[PDB]
Amino acid sequence: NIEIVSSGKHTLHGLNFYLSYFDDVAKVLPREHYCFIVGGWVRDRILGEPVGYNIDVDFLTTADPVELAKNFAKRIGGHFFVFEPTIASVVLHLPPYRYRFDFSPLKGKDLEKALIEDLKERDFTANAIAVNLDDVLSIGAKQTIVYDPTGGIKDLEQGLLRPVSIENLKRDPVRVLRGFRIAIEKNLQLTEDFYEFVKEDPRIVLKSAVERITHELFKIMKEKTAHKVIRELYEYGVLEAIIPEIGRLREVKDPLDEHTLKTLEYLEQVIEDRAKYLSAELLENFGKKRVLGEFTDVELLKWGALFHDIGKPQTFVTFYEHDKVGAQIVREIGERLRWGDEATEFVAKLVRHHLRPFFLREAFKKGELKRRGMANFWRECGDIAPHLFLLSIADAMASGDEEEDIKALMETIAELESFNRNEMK
């Protein structure tokens, strides 16, 4: 119930909160109804982060969210969706850039009290900050006012990601994933009560719908810091709760879980270096295969790194058939988690063949690698080939292979690529 005026903040200026499409929103917005910008986009803008290729904006309007979203989508030429208190979305997709605009209802007799009331229900204080669209677009002699009753700005200045209330986390448990992800993504420290809450009941996440769970999970696999978030989820037992198979990696000692985590961690680096190992023709369409509509085959690759050996706990001196077992397990997880059919099949096929480049490498070191094995390789799997290459390199690194052996693997890959490029006609 108290405002404060500050000067030189320069991140809170309406100018900073601007987006071109907001104009279109304002033109679709009815005259007698109001609209606010909330959460993620506000948070990122306050932090002064440069806007990337993925733009997500959340709205709270007193108008009809469905009609608003419909006509706005008609204006920007986007796809209009309705799901779920029914919030409506607008997605706009071109290959380098993705746009998503969510529209949520805001109702009450007192508008300000209602807005605050809604902000206090949100997951984290950083995401609890909102601004009026009119104030943002209001060109002249207009001061812009930001609303954070939860003190999100104060927490952002101190570099803390603090849940508004633990009850808000218990109400929608999938947010406990976001808390980790964002904490790594925005380089913020999660406060004490979050860590405590988490420890006590890690399985809480199972309350939330599966699809939502899946969606966040990929969102984690989407960022380049993903291995850290995955390790965080594993150490606190959340990952085991979501995927019980992962917990079984611990019973088998060589440590398998550490090997998988390091496999993912190295896989990120290898992905960054992919231009080095992969051929140009393999790099052209790499990462361009769309999965679950906002995600690519790269997330599937990282999932492949997590599951690359999931079958070693099932088989027990030497682990023989764990590739096929792993493939089946992955298929089961993909069904359970409602991953796309072609997605779970992709990851499954990736896990099935995960040790193939190692065999071809062993054949390469003995000089016994010839046209037969290569042609057989490219015939059997040509679709997962680049992903399988990167995965194999990462797995080789995490296994602590000798440098000459890793280089032998890389040269094996290069030989397969060169054989496929020219000498296959």
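Residues numbered from 1 in each chain as written, not as in the entry; some residues may be left out. Heavy atoms only, no water.

- Its PDB header names X-ray crystallography as the technique used to obtain the model and reports a resolution of 3.4000 Å.

## Structural notes on the UniProt feature "binding site: Mg(2+)" in the chain
- The residues that UniProt annotates with the feature "binding site: Mg(2+)" are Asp56 and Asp58.
- Tracing the chain through its elements places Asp56 in strand β2 (residues 54-61).
- Here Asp56 falls in the partly exposed class, since its relative accessible area comes to 36%.
- Dropping the residues within four chain positions of it, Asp56 is found in contact with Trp41, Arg100 and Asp102.
- Here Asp58 lies in strand β2.
- Sequence-distant contacts of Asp58, that is, excluding residues within four places in its chain, are made with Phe36, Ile37, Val38, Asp102, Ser104 and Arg122. (UniProt positions renumbered as here; feature names shortened; annotations may be inferred. Helix = DSSP H or I, 4+ residues; strand = E, 2+ residues; numbered from the N terminus. Buried < 20%, exposed > 50% of the residue type's maximum accessible area, 1.4 Å probe, protein only. Contact = heavy atoms within 4.5 Å.)

## Quick word on empty space enclosed by the protein
- Empty space within the largest cavity amounts to approximately 40 Å³.
- Of all the elements, helix α14 (residues 256-272) adds the most residues to the lining of the largest cavity, at three residues.
- Here the lining of the largest cavity is built from residues that sort into six nonpolar, one polar and one charged. (1 Å grid on protein atoms, 1.4 Å probe; cavity = no way out; pocket = protein on both sides within 12 Å on 5 of 7 lines; lining within 4 Å. Points joined across faces, edges and corners; volume = space filled by probe spheres on them. Nonpolar A, V, L, I, M, F, W, Y, C, P; charged D, E, K, R; others polar.)

## Quick look at helix α22 (residues 385-398)
- The terminal C-alpha atoms of α22, which comprises 14 residues, lie 20 Å apart, in line with the 20 Å expected from a rise of 1.5 Å per residue.
- A large share of α22 lies buried, amounting to 13 of its 14 residues.
- Looking one or two residues past α22, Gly400 carries a phi angle of roughly 65 degrees, positive in sign. (Expected span 1.5 Å × (residues − 1).)

## Points about the pattern of salt bridges
- In the structure shown here, the tally under the stated rule is 36 salt bridges.
- Among the salt bridges present, the one from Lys407 reaches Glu404, with a minimum N-O distance of 3.7 Å. Of this pair, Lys407 and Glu404 both sit in helix α23 (residues 403-421), three residues apart, which is roughly one turn of that helix.
- Taking the relative accessible area as the measure of exposure, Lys407 reaches 42% and is therefore partly exposed.
- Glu404 gets classed as exposed once you look at its relative accessible area, which sits at 53%.
- Linked through salt bridges whose partners overlap, the residues forming this network are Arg361, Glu362, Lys365, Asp401 and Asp405. (Salt bridge = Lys/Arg side-chain N within 4 Å of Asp/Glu carboxyl O.)

## Observations regarding the sheet that holds strand β6 (residues 130-132)
- Sheet architecture is open: seven strands sit in the order β3-β4-β5-β2-β1-β6-β7, paired in mixed fashion. For this open sheet the edge positions go to β3 (79-82) and β7 (146-147), each flanked by a neighbour on one side alone.
- In this structure, β2 lies alongside strand β5 (residues 98-105), joined through eight bridges in parallel fashion. Bridging across to β5, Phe59 finds its partner in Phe103. (Pairing = 2+ DSSP bridges.)

## Points about the domain arrangement of the chain
- Each assigned domain of the chain is listed with its residue range as follows: domain 1 (1-157) and domain 2 (158-425).
- Taking only C-alpha atoms, the centre of domain 1 and the centre of domain 2 are 35 Å apart.
- Facing 21 residues of domain 1, the contacting portion of domain 2 comprises 22 residues.
- Here domain 1 packs against domain 2, burying approximately 1,700 Å² in sum over the two surfaces, 53% of which is carbon and sulfur.
- For domain 1, the biggest contributors to the area lost against domain 2 are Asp123, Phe124 and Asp155; these three give 37% of the whole.
- The interface formed by domain 1 and domain 2 holds three salt bridges in total.
- Between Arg98 and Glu294 there is a salt bridge whose closest N-O contact spans 3.5 Å.
- Counting the contacts that link domain 1 with domain 2 gives 13 residue pairs in polar contact.
- Among the elements that line the side of domain 1 that touches domain 2, the one with the most residues is helix α6 (residues 152-157), at four residues.
- Of the residues that constitute the side of domain 1 that touches domain 2, the class distribution is five nonpolar, five polar and eleven charged. (Domains from an automatic or database assignment. Buried area = accessible area lost by both parts, 1.4 Å probe. Polar contact = N/O pair within 3.5 Å; in protein donor to acceptor, adjacent residues only side chain to side chain.)

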